[PDB]
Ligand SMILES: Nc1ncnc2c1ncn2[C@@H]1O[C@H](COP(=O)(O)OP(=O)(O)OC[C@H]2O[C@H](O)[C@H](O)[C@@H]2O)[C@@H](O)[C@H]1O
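Next up: a single chain in structure tokens, the form solved without the named molecule.
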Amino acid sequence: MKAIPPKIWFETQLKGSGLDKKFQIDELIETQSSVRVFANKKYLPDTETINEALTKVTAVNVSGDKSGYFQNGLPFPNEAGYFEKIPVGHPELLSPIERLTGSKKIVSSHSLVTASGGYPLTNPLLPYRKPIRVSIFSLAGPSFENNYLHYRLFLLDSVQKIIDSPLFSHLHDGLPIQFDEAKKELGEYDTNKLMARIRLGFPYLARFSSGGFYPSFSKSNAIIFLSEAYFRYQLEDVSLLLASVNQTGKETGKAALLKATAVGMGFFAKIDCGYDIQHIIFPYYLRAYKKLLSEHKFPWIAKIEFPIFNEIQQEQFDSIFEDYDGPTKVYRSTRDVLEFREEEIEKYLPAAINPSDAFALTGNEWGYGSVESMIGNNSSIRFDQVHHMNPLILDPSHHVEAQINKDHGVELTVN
């Protein structure tokens, strides 16, 4: 086929899916006006970087496969390596390093929501009989699926034995960045206050210099996870989110009931698309929330609800928050992200995280294939957070610049 101009491809998809007929034109001018882009100024320092991060992306980036569609309609090549070799300055697509820095934003909108559920097959699609309004916070987490994104920040192996970018120097300051030095500072213990070999149950996850990942019993090639850097990274991401939710509630005069959807896990937490590391990184995610909620007050966040379905994550959550006594109420549930009771909707600002792909249009796939595509079919977010339909997201009056101090307090400046 032939390339379609991107705005027309997008409108075609809306008309072929039925989504254009689901919200009326007075309701969507309101929702589109609520869009905000909270950008960490350390990584997105000016308007041109922010708009680049919002537009220089693919249309669909499939969760399981390496499949997808560009914004002009054409499929991804089946050349391997194509995305790892995108250069800084490419006309249409973000560089790997630009995908790391581009993920340090959050796009929010007070969008309409017509149903809850739909993903996966066991989660039945339940309509709200009158549509409600949820403040939906889209953010991309660390991804370990391939080896040119966050894998290059938090792991040391035989192949890439040294960490790279100065834009992320600070995450590693005071900690090793070379594989052989790390093997020796660990000694023959497996853990340390700052690093840890990865155990897959009992054996090690290790990587041959040829390039392959294999389970091993030998420390010799066992890869090392830079846990203190990953924790510091989560601290920057969570503190940006809490500041933006808090600010959103402040400006609406209600306190938020925040659904803290799990962001980094699932397919993003499988090294080499095979070796699951959820059980290792999930506690550091929760400790970031614990530290920030114990040290800061968020007068406009009433409760945070963690949808947690796995037993290990369940007990991890219970152990990490047994001791938590900070002022924001915190609990876990098995409730769908977009499901609120009607007493919750009167009382609070309903608020939910959209676990987003930084390298695809908000909404991503068009079926019920993921938590994001679910939100994308149950809400107006494709109308509210895609620059094709809502150019206000490129307008600098809708950007909020954010500064994260050394104490992890966040300063928000409008323009």
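Start at 1 with the first residue shown and count on from there. The term rigid core refers to the most C-alpha atoms you can superpose between the two forms while keeping them within 1.5 Å. Only residues modelled in both forms are compared.
The same protein has a further form, the form deposited with the named molecule bound, not shown here; the description that follows concerns it.
Ok, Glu305, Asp157, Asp336, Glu98: which has a heavy atom sitting within 4.5 Å of the named molecule in the deposited bound form?
Here the answer is residue option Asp336.
Which one of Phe231, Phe213, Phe267, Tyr128 is close to the named molecule in the deposited bound form, taking close to mean a heavy atom within 4.5 Å?
Contact residue from the list: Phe267.
Partner-proximal stretch of 382-390, 38-46, 367-375, 22-30 relative to the named molecule in the deposited bound form, 4.5 angstroms, heavy atom
Residues of 367-375 come within 4.5 Å of the partner.
Has each of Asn61, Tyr119 and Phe309 got a heavy atom lying within 4.5 angstroms of the named molecule in the deposited bound form?
The answer is yes; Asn61, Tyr119 and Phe309 each reach the named molecule.
At the 4.5 Å heavy atom threshold, is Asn246 in contact with the named molecule in the deposited bound form?
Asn246 lies outside the contact set for the named molecule.
Against the named molecule in the deposited bound form, would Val263 count as a contact residue? Criterion: heavy atoms within 4.5 Å.
It does: once the named molecule is placed as it appears in the deposited bound form, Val263 has a heavy atom within 4.5 Å of it.
Tell me, yes or no, whether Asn147 is in contact with the named molecule in the deposited bound form, where a contact means a heavy atom of each within 4.5 Å.
Outside the cut-off, so no.
Would you please decide whether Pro350 lies within 4.5 angstroms of the named molecule in the deposited bound form, comparing each non-hydrogen atom pair?
No, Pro350 is distant from the partner.
Considering only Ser34, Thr47, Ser63, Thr55, which residue exhibits a C-alpha shift of no less than 2 Å between this form and the one not shown, with the rigid core used for superposition?
Meeting the 2 Å or more criterion is only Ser63.
Could you tell me whether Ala59 and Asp65 have their C-alpha atoms closer or farther apart in the deposited bound form than in the shown form, knowing the shift is 3 angstroms or more?
It is closer: in the deposited bound form, the C-alpha atoms of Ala59 and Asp65 lie at least 3 Å nearer than they do here.
Assuming the CA distance changes by 3 angstroms or more, are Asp65 and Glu98 closer together or farther apart in the deposited bound form compared with the shown structure?
Here the pair is farther apart than in the deposited bound form; there, closer.
When the two are fit on their core, where are the runs of 3+ residues whose C-alphas each shift at least 2 angstroms between this form and the one not shown?
This is the sole shifted run between this form and the one not shown: 62-65.
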